[PDB]
């Protein structure tokens, strides 16, 4: 095929926006959630694992995620992008841009994990973990969903990565939280309000970059990109309002963290759905996702009983699951969505969504466990 320069332009900018979500979006986001004394370490781990992901992605991750192979992984014919002509076209853009855009997703996924857990994990251990989990969870799941693998073959709908990014990372992060203890200092049982403007700023950068993430997942500056863009605006706004409404009812007042969490919740919830649903579905998914995220972090507080940056994973995990399921509903044309595929009914699609969720949770959780254990066994996990 031949590249469309408009799509090339679009997709390079969307990739820059997705990179912005990690560098510095997620780092600032967690920077506002952890104690001053660990912020330096976290920023270093986020930056160094970002770099590591970037390199592993071009060395082999792109080939194994996006190369044709089997249901679970691709191939090694594109190691260091060998055999990719610079003018090769994937879709309607140069394949190199596709490489970069997909790599950026690997980065924010790993950033979501590392930003939360960095303060409790030894530096060499996080490096080992990322290698293991990027290689054996991110890459196969990305293959499965976006590389023509198992889940794509079953017709799972996941426009921009409710599974590959958010649930995948949430389970890995929650496994890390489970395996790696953290001493909560006296007086540090709740997030420090002084640092919450950094959480806001990170949320804002995540939101703006997420337009690259969601709209860019169209692969072209077309009407699906445009729909994904509008639905990102709408779901995020609806989830901010749903979360703050729920919080105002539960607690009697909105909070900044509630507003930011609601934003993330709608962004996560609409991620799988955004190119497949209408704007009404986006509104409803955003409201539900904001309320579900508030429920999820509320349940995690019952478990953890302190504020912890790993609470983020409750939002990514619960809202990723909610948005993946709700996609199976609101993709219906009767609700203004695109379409199910041939032969597919809503109930079928819902089962496929559930299957995709379950596979992602087990796959990621198993690989994460292995990667933490390997790190533990070789260098020691815990700070």
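Residue numbers count along the first chain shown, from 1.
As the entry records it, the average C-alpha temperature factor is higher for 180-188, out of 180-188 and 267-275.
For the two regions 14-22 and 358-366, the entry's Cα B-factors average higher over 358-366.
Across 296, 262, 202, 115, the entry's maximum B-factor at the CA atom is seen for 296. Of the candidates 215, 256, 76, 291, it is 76 whose Cα B-factor is highest according to the PDB record. Ranked against the other modelled residues of its chain, the C-alpha B-factor of residue 352 as given in the entry falls in the middle third. Sort the modelled residues of the chain by CA B factor and residue 44 lands in the lowest third. Remark: residue 211 belongs to the lowest third of its chain, ranked by C-alpha B-factor as recorded. Residue 338: CA B factor in the highest third of modelled residues in this chain (values from the PDB entry). In the PDB entry, residue 71 places in the highest third of its chain by CA B-factor.
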